[PDB]
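Heads up, the thing below is written out as structure tokens.
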Amino acid sequence: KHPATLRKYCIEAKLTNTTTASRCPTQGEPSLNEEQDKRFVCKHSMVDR
Amino acid sequence: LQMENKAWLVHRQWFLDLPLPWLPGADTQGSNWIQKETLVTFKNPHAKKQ
Amino acid sequence: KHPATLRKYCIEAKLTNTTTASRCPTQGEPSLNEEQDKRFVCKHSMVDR
Amino acid sequence: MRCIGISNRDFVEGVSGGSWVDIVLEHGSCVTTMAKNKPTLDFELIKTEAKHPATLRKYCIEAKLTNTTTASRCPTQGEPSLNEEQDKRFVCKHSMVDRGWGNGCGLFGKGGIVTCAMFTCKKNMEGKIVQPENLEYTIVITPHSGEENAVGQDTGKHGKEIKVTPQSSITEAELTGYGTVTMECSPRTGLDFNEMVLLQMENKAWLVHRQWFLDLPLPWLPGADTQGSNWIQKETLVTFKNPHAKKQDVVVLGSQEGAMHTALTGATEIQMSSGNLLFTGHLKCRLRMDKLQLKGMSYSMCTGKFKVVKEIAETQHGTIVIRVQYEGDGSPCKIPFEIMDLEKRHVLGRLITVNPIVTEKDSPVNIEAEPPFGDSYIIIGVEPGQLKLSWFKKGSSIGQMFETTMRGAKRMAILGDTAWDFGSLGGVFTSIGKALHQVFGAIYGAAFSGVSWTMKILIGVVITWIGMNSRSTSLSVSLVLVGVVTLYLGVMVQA
Amino acid sequence: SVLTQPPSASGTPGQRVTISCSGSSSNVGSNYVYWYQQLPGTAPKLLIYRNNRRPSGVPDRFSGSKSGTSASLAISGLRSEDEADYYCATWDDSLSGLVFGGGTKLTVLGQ
Amino acid sequence: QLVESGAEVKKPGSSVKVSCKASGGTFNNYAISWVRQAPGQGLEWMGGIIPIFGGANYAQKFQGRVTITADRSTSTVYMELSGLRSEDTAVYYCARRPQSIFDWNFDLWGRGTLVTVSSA
Amino acid sequence: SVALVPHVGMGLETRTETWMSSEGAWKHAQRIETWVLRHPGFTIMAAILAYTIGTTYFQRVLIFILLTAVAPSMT
Amino acid sequence: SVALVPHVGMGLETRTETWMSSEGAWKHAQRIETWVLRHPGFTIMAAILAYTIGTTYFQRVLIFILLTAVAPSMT
Ligand SMILES: *[C@@H]1O[C@H](CO)[C@@H](O)[C@H](O)[C@H]1NC(C)=O
Ligand SMILES: *[C@@H]1O[C@H](CO)[C@@H](O)[C@H](O)[C@H]1NC(C)=O
Ligand SMILES: *[C@@H]1O[C@H](CO)[C@@H](O)[C@H](O)[C@H]1NC(C)=O
């Protein structure tokens with residue numbers, strides 16, 4: 001009786017508002033306003049430019 | 001553990017070691033999922049686009 | 001000529017909008033809505049209750 | 001400027017007696033071929049299409065149960081039977097329950113019980129297949145002149161897309177001003193599509209091994225079924241539970257989409273929405289340059305003033321590209337381009353844009369050249385108004401040899417025994433090496449099939465240790481070589 | 001700085017008229033020059049791309065000229081259709097942006 | 001193949017976001033630039049972006065005042081202007097160009113969104 | 001995957017049957033058997049390596065068994 | 001489940017990055033490390049058993065890694 005939630009796992013999700021940003025070679029890293037929000041999933045990588 | 005009208009009696013450590021996005025349980029907004037990288041894939045096949 | 005900013009560093013900061021959240025023992029972690037905004041610096045700890 | 005700017009660019013230099021060269025074209029790469037008296041060309045594989053795919057299974061990733069039926073026999077009276085137990089659209093299982101006077105049997109034993117539920121599929125993944133004759137590789141050939149590749153909606157007079165199929169594997173591309181280029185490709189020695197499956201999930205598709213696809217532990221339809229209702233391994237998507245020995249139940253195991261995604265790691269992702277497009281894999285082609293001539297070789301030097309409209313930009317292949325306009329007379333003229341030392345006493349570099357010419361006065365042309373590793377000077381034009389451009393290259397010859405050897409080893413890692421055709425001109429050493437590589441690759445693929453990269457690292461370390469602690473010197477050397485190659489392959493694998 | 005362009009242009013039907021756009025070493029003569037026709041109450045239309053190459057849309061009567069540090073647009077035959085504001089856009093290496101001209105309103109006589 | 005956002009009437013000191021929805025081919029193959037034409041004035045280039053790459057570049061006049069972004073999920077490009085003022089009144093266009101750094105031939109245009117900084 | 005970290009050795013087992021005890025009792029062994037059948041080449045190499053490394057037949061057999069069980073498991 | 005046969009050592013790997021390659025590169029090592037951290041009691045037993053069974057130091061270590069890798073992945 002009287003259970004308390006310890007953790008809530010996610011088993012199914014949806015991704016929206018996909019957006020990309022780039023800073024071309026030697027000039028550092030790209031900036032997205034979405035990286036400030038923690039409900040956006042972000043990743044950094046290099047592309048040929 | 002309660003997953004869509006089924007329940008299990010699991011070990012607490014095993015439960016907390018699950019590699020899925022999760023919320024603290026104290027969470028109310030329900031949107032600051034953490035460990036989200038376990039449920040999303042990032043692709044840069046030829047290093048031309050992400 | 002024509003410099004490009006590679007990075008911007010913070011030397012003098014200020015803290016405002018400090019908030020805190022607590023969870024009773026064995027019940028997991030506290031949840032702060034601010035903790036979803038990367039504009040907020042956060043840290044987790046333990047306090048005897 | 002497309003092949004420049006691709007990190008996987010490859011430089012193929014030289015032709016044999018016959019003006020042909022063997023090249024392997026990969027999807028993510030580029031091949032730039034240079035001959036003694038031929039225009040430099042860029043080769044890219046930009047499209048692989050599989051047509052008219054045929055399904056062979058329709059594995060179910062999410063099912064449900066709707067008509068649960070149970071049958072029981074009192075103890076000592078043998079197993080029960082249900083009518084649905086002969087229905088192929090039903091999942092059944094036999095168990096035991098405790099029975100007695102309270103239950104309603106009257107014999108106090110363990111009575112057989114069987115429960116059946118109707119299995120219905122809600123989501124499935126189609127494992128289509130294609131005939132190796134239905135593949136179609138699209139290859140773009142561009143003459144790699146300083147001439148701009150043009151803008152869309154108006155003209156496509158620069159890029160030349162040649163489609164190659166197993167039926168018509170020899171095709172000719174007529175490049176305006178450079179003659180024609182003949183490609184003798186072997187699409188039948190590429191992916192071996194007879195052993196491949198085009199696995200299509202909800203909105204995502206993968207190219208997977210066919211035996212791996214046929215060994216998947218999910219319920220499947222033969223692929224010729226239009227009504228379903230005859231799934232094979234229905235037991236893999238359901239669980240029968242008899243808590244204690246009182247009541248027997250059955251439930252489905254939940255959507256297998258995520259588990260399938262986990263199972264697909266190491267399979268390359270393809271496209272199957274608007275046709276079956278595979279942006280993965282290679283194509284071996286033999287390139288015939290006999291009818292390929294430099295454009296405007298019967299021109300006179302410009303004898304005018306060039307201006308650099310875009311400063312020298314270094315690429316990631318060791319070369320440099322410079323964009324020069326022409327303000328002079330006799331517009332269709334050769335550009336006097338050299339890469340010398342400070343005193344202009346030696347020629348230090350080679351321009352890989354052979355025979356740059358100016359078609360129009362104000363039209364800019366961007367030359368690509370490979371300067372030396374030291375300090376060098378780009379000289380553009382003639383005495384009146386000559387442009388002398390300084391440049392410095394950071395690398396070194398030893399480093400370049402190391403990088404070239406590493407790229408060759410990587411090519412062998414991916415195109416095992418097909419790398420020997422990458423820039424082959426026939427040759428006997430190449431043939432002997434290719435045969436030896438075929439034998440060794442057969443042995444290695446037999447001994448390391450289905451093994452992960454961590455297992456490869458472990459086995460390589462074990463074999464290297466065995467070789468180092470060996471009595472025979474020849475056996476020690478052979479084992480050390482095998483172990484080091486295995487370590488390299490385990491470090492370079494799963495990409 | 002910006003591509004200086006003639007604010008006022010005048011012509012008569014059946015007459016060939018050209019517009020002059022003069023830039024700097026980094027505006028024009030170092031980058032392609034694009035000419036646009038912008039009628040009132042409508043978005044600009046690309047007249048000539050690259051260095052005076054006609055897109056399929058514009059008729060053959062339209063054409064442009066490019067020089068060492070200036071450009072020009074040529075009109076084969078004239079009409080009231082050529083009464084519009086004209087802009088020469090070219091990438092500026094020093095300005096680091098697509099800089100149009102001042103805009104040329106071409107007036108066609110016949111009223 | 002390029003459709004812009006509807007008309008917007010704003011107030012001084014505010015911020016306005018303009019939407020330009022391109023097709024799939026134009027999103028993954030071409031760049032999109034933002035040109036604003038003031039009332040009775042010549043064309044002006046604000047900035048652009050390669051939607052597939054997403055790195056935005058702006059005219060030196062608009063540093064810190066214009067934000068251009070793309071929505072790869074909806075295949076849309078947005079321009080956000082901060083510090084709206086009387087002189088910011090103009091029509092705004094989104095044009096489709098190749099993603100090469102030398103060619104700015106706008107072979108496609110939208111229809112312009114009138115950002116009217118006034119009261120009606 | 002969550003499927004790679006099952007709830008087996010948690011020491012919570014009672015007389016009541018578990019979630020998929022009947023199913024999952026032999027699934028790992030069946031997978032190893034299927035993998036060995038599909039990859040006879042790696043089994044021979046593992047046997048040779050175990051014979052070479054193992055001083056005694058207990059060491060050799062244990063090494064071979066562990067290698068054969070590991071090869072599918074890592075994959 | 002289907003996730004336990006992940007299409008890893010099937011050959012036909014091109015120069016284009018495969019599906020979930022980055023994560024799958026180290027997921028298995030991560031899970032073994034987490035298992036060893038959460039279950040140090042079995043790891044010590046494996047070390048003792050490998051030392052006893054192993055004659056030479058190389059055999060001891062090989063048996064140790066084999067045991068500690070099979071233990072979590074065994075199910
Ligand atoms: C995501 O996109 C939708 C439009 O489809 C928009 O309404 C919403 O505000 C966006 N969310 C964020 C966080 O940008
Ligand atoms: C921080 O506190 C101030 C105090 O009035 C408030 O105006 C502001 O909205 C707060 N910021 C956040 C992000 O909550
Ligand atoms: C399941 O039961 C329903 C009862 O409404 C029946 O109509 C249907 O035919 C049954 N399906 C079977 C027996 O497969």
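Read the numbers this way: they start at 1 and go in the same order the structure lists the ligands and their atoms. Naming: A, B, ... by sequence-line order, numbering from 1 per chain.
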Enclosure of D:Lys204 NZ (heavy-atom neighbours >12, cutoff 6.0 Å): yes
Steps toward salt bridge (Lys or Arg N to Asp or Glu O under 4.0 Å) verdict (F:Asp88, F:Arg65): CA-CA 11 Å; F:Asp88 275 328; F:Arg65 304 207 43 244; 2.5 Å; yes
Close side-chain approach of C:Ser31 and B:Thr28, heavy atoms under 4.5 Å: no
Whether D:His261 and D:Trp206 hold their rings parallel, tilted or perpendicular, with breakpoints at 30° and 60°: tilted
Pairs flagged by salt bridge (charged side-chain N to carboxylate O under 4.0 Å, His left out) wherever residues 39-49 of chain C is involved - sequence neighbours left out: C:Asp37-C:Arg39
Test side-chain hydrogen bond (donor to acceptor under 3.5 Å, both in side chains) applied to F:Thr69 and F:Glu80, step by step: CA-CA 8 Å; F:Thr69 53; F:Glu80 197 200 271; over 6 Å; no
Protein residues that have a heavy atom under 4.0 Å from any atom of ligand 2, sorted by chain and number: C:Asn17, C:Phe40
Contact atoms of ligand 3, heavy-atom distance to D:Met118 under 4.0 Å: 11 (N), 12 (C), 13 (C), 14 (O)
